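**Student:** Please find one structure pasted underneath; my questions will follow.
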6 protein chains.
Amino acid sequence: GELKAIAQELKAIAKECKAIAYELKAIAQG
Amino acid sequence: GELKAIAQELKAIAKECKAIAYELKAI
Amino acid sequence: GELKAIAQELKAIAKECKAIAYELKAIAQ
Amino acid sequence: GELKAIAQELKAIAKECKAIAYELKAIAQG
Amino acid sequence: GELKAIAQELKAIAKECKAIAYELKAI
Amino acid sequence: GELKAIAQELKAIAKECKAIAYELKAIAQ
């Protein structure tokens, strides 16, 4: 269904935001 | 339908966030 | 309708995230 | 209504993402 | 209700994006 | 339900944005 589809794309956005934080943590460490 | 339209725009946001993470690796 | 309004604001968010990616590439050079 | 409330918070998120791009543009310019 | 719950989490995301923009000024 | 699932993923996004803000403050030092 369509609401499940929306939840799955939000899950994808959360994964990429976690990736952004991960790369920034590396930048913070030099 | 409009709910599918919403899912498609969320897909676009996820793609751009992926791009942001990738560009940060070049910093 | 309201659901169309939600899709249009999501389109706006995707556009700004694309701008963010563009500027980060400029910073990395 | 509740769907209008959701649209208004998305509008707020878009404004802040525009702000993020604006500050990054300044960083890119030194 | 659940739609109000969704609006409240969106409010939280907007607050954090505002914080991100502010921290970038210190860079 | 599905609407609760959507709220929970939004909560996850807000948590990651908070992590992003934390790391940017660390970078600025």
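Following the order of the structure tokens, first chain is A, next is B, and so on, with residues numbered from 1 inside each chain and ligands from 1 in the order they appear.
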Would you kindly return, as a PyMOL selection string, each protein, DNA or RNA residue with an atom no farther than 12 Å from any atom of stretch 10-25 of chain B, considering only C-alpha atoms and excluding same-chain residues fewer than 5 positions away?

**Tutor:** (chain A and resi 5-28) or (chain B and resi 3-5) or (chain C and resi 6-29) or (chain D and resi 10+14+17+21) or (chain F and resi 10+13+17+20)

**Student:** Using all C-alpha atoms paired in order, least-squares fit chain E onto chain B and give me the moved copy as a PDB file with C-alpha atoms, in the first residue's frame.

**Tutor:**
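After the write, superposed01.pdb holds the following:
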```pdb
ATOM      1  CA  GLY E   1      -2.620   9.431  -6.962  1.00  0.00           C
ATOM      2  CA  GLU E   2      -1.506  12.063  -4.465  1.00  0.00           C
ATOM      3  CA  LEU E   3      -0.074   9.570  -1.959  1.00  0.00           C
ATOM      4  CA  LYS E   4       2.135   8.145  -4.704  1.00  0.00           C
ATOM      5  CA  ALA E   5       3.204  11.699  -5.554  1.00  0.00           C
ATOM      6  CA  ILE E   6       4.247  12.131  -1.924  1.00  0.00           C
ATOM      7  CA  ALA E   7       6.264   8.889  -1.971  1.00  0.00           C
ATOM      8  CA  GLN E   8       8.003  10.005  -5.172  1.00  0.00           C
ATOM      9  CA  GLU E   9       9.070  13.330  -3.651  1.00  0.00           C
ATOM     10  CA  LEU E  10      10.371  11.509  -0.569  1.00  0.00           C
ATOM     11  CA  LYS E  11      12.396   9.314  -2.933  1.00  0.00           C
ATOM     12  CA  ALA E  12      13.896  12.477  -4.422  1.00  0.00           C
ATOM     13  CA  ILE E  13      14.858  13.794  -0.971  1.00  0.00           C
ATOM     14  CA  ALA E  14      16.564  10.499  -0.095  1.00  0.00           C
ATOM     15  CA  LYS E  15      18.556  10.670  -3.349  1.00  0.00           C
ATOM     16  CA  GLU E  16      19.799  14.168  -2.530  1.00  0.00           C
ATOM     17  CA  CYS E  17      20.724  13.228   1.044  1.00  0.00           C
ATOM     18  CA  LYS E  18      22.736  10.360  -0.432  1.00  0.00           C
ATOM     19  CA  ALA E  19      24.493  12.885  -2.672  1.00  0.00           C
ATOM     20  CA  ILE E  20      25.261  15.096   0.335  1.00  0.00           C
ATOM     21  CA  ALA E  21      26.865  12.189   2.206  1.00  0.00           C
ATOM     22  CA  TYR E  22      28.973  11.331  -0.822  1.00  0.00           C
ATOM     23  CA  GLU E  23      30.237  14.892  -1.371  1.00  0.00           C
ATOM     24  CA  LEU E  24      31.314  15.116   2.288  1.00  0.00           C
ATOM     25  CA  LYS E  25      33.824  12.345   1.640  1.00  0.00           C
ATOM     26  CA  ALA E  26      35.745  14.758  -0.648  1.00  0.00           C
ATOM     27  CA  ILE E  27      36.104  17.362   2.149  1.00  0.00           C
TER      28      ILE E  27
END
```

**Student:** How many Å lie between atom CA of residue F:3 and atom CA of residue C:3, rounded to one decimal?

**Tutor:**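 So the answer is 14.7 Å.
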
**Student:** Distance atom CA of residue A:30-atom CA of residue D:30, one decimal place?

**Tutor:** 19.4 Å
